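Undergrad: Take this structure first; my questions come after.
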Amino acid sequence: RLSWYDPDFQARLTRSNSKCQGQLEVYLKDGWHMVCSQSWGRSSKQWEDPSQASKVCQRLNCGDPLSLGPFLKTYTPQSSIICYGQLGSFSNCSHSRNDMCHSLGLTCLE
């Protein structure tokens, strides 16, 4: 129903320090929500493929994705969400009602 690949899909990297390097904030029906790096059954450790987020970096007019994984620990049990299913699908995600939520970060080139 919703994927980060859709042209209708809206996302931003949180202010943080650089607009091409921050926490992944995505647009849901409700509104903007941060993604927790415990989503899609993935663990809070840097996985080997950041390229799946090239389209996201493109949406923010940034360059190629350098890294994609747990970027710091912001903690906001309401704004941060956890999706279940297939990596990339944001089809009705759940709130991070857990005692170990980590921030998902995307680093795109300038």
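Chain lettering (A, B, ...) mirrors the order of the structure tokens, residue numbering begins at 1 for each chain separately, and ligand numbering begins at 1 in order of display.
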Excluding same-chain residues fewer than 5 positions from residue 101 in chain A, what lies within 10 Å of it counting only C-alpha atoms, as a PDB file with N, CA, C and O atoms, in the first residue's frame?
TA:
ATOM      1  N   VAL A  35      11.340   6.718  11.678  1.00  0.00           N
ATOM      2  CA  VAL A  35      11.442   5.271  11.565  1.00  0.00           C
ATOM      3  C   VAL A  35      12.438   4.726  12.588  1.00  0.00           C
ATOM      4  O   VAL A  35      13.536   5.264  12.753  1.00  0.00           O
ATOM      5  N   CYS A  36      12.036   3.674  13.288  1.00  0.00           N
ATOM      6  CA  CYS A  36      12.888   3.031  14.281  1.00  0.00           C
ATOM      7  C   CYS A  36      13.691   1.917  13.609  1.00  0.00           C
ATOM      8  O   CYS A  36      13.145   1.156  12.810  1.00  0.00           O
ATOM      9  N   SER A  37      14.980   1.820  13.925  1.00  0.00           N
ATOM     10  CA  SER A  37      15.857   0.839  13.286  1.00  0.00           C
ATOM     11  C   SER A  37      15.688  -0.556  13.901  1.00  0.00           C
ATOM     12  O   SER A  37      16.656  -1.278  14.139  1.00  0.00           O
ATOM     13  N   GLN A  38      14.439  -0.909  14.155  1.00  0.00           N
ATOM     14  CA  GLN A  38      14.062  -2.240  14.607  1.00  0.00           C
ATOM     15  C   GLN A  38      12.904  -2.719  13.730  1.00  0.00           C
ATOM     16  O   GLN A  38      12.095  -3.559  14.117  1.00  0.00           O
ATOM     17  N   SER A  39      12.854  -2.173  12.519  1.00  0.00           N
ATOM     18  CA  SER A  39      11.711  -2.341  11.640  1.00  0.00           C
ATOM     19  C   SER A  39      11.979  -3.423  10.600  1.00  0.00           C
ATOM     20  O   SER A  39      13.132  -3.735  10.303  1.00  0.00           O
ATOM     21  N   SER A  44      19.304  -3.544  14.848  1.00  0.00           N
ATOM     22  CA  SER A  44      19.897  -2.214  14.908  1.00  0.00           C
ATOM     23  C   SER A  44      21.413  -2.254  14.692  1.00  0.00           C
ATOM     24  O   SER A  44      22.190  -1.757  15.511  1.00  0.00           O
ATOM     25  N   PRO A  70      21.231   2.241  12.079  1.00  0.00           N
ATOM     26  CA  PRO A  70      20.932   2.941  13.332  1.00  0.00           C
ATOM     27  C   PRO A  70      21.812   4.175  13.523  1.00  0.00           C
ATOM     28  O   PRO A  70      23.027   4.064  13.709  1.00  0.00           O
ATOM     29  N   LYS A  73      20.508   7.616  19.092  1.00  0.00           N
ATOM     30  CA  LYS A  73      19.352   7.154  19.839  1.00  0.00           C
ATOM     31  C   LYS A  73      18.515   8.340  20.298  1.00  0.00           C
ATOM     32  O   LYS A  73      18.757   8.909  21.360  1.00  0.00           O
ATOM     33  N   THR A  74      17.540   8.710  19.485  1.00  0.00           N
ATOM     34  CA  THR A  74      16.699   9.864  19.771  1.00  0.00           C
ATOM     35  C   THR A  74      15.617   9.512  20.795  1.00  0.00           C
ATOM     36  O   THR A  74      15.429  10.232  21.773  1.00  0.00           O
ATOM     37  N   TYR A  75      14.932   8.392  20.565  1.00  0.00           N
ATOM     38  CA  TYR A  75      13.857   7.917  21.448  1.00  0.00           C
ATOM     39  C   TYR A  75      12.670   8.877  21.502  1.00  0.00           C
ATOM     40  O   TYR A  75      12.720   9.928  22.141  1.00  0.00           O
ATOM     41  N   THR A  76      11.600   8.502  20.819  1.00  0.00           N
ATOM     42  CA  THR A  76      10.342   9.226  20.893  1.00  0.00           C
ATOM     43  C   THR A  76       9.187   8.251  20.665  1.00  0.00           C
ATOM     44  O   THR A  76       8.681   8.139  19.544  1.00  0.00           O
ATOM     45  N   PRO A  77       8.775   7.522  21.726  1.00  0.00           N
ATOM     46  CA  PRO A  77       7.743   6.466  21.652  1.00  0.00           C
ATOM     47  C   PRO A  77       6.361   7.003  21.291  1.00  0.00           C
ATOM     48  O   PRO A  77       5.434   6.991  22.106  1.00  0.00           O
ATOM     49  N   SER A  80       8.348   7.767  16.579  1.00  0.00           N
ATOM     50  CA  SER A  80       9.077   6.680  15.947  1.00  0.00           C
ATOM     51  C   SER A  80       8.174   5.461  15.761  1.00  0.00           C
ATOM     52  O   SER A  80       7.452   5.056  16.677  1.00  0.00           O
ATOM     53  N   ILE A  81       8.207   4.888  14.566  1.00  0.00           N
ATOM     54  CA  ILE A  81       7.349   3.762  14.227  1.00  0.00           C
ATOM     55  C   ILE A  81       8.163   2.530  13.844  1.00  0.00           C
ATOM     56  O   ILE A  81       9.357   2.620  13.546  1.00  0.00           O
ATOM     57  N   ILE A  82       7.498   1.387  13.860  1.00  0.00           N
ATOM     58  CA  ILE A  82       8.085   0.122  13.457  1.00  0.00           C
ATOM     59  C   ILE A  82       7.145  -0.585  12.482  1.00  0.00           C
ATOM     60  O   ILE A  82       5.969  -0.801  12.784  1.00  0.00           O
ATOM     61  N   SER A  96       6.345   2.441  18.146  1.00  0.00           N
ATOM     62  CA  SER A  96       7.445   1.768  18.824  1.00  0.00           C
ATOM     63  C   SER A  96       7.159   1.588  20.315  1.00  0.00           C
ATOM     64  O   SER A  96       7.748   2.257  21.168  1.00  0.00           O
TER      65      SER A  96
END
Undergrad: List as a ChimeraX atom specification the protein and nucleic acid residues near residue 87 in chain A, meaning an atom at most 12 Å away when only C-alpha atoms are counted, but skip any in the same chain fewer than 6 places from it.
TA: /A:2-5,37-42,49,52-53,93
Undergrad: Considering only helix (DSSP H, G or I) as DSSP defines it on the backbone, what residues of chain A qualify? List them as a count of residues only.
TA: 9
Undergrad: Hey, which of A:68, A:28, A:57, A:13 ends up closest to residue 108 in chain A? Count only C-alpha atoms.
TA: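 Between A:68, A:28, A:57, A:13, the residue approaching residue 108 in chain A most closely is A:57.
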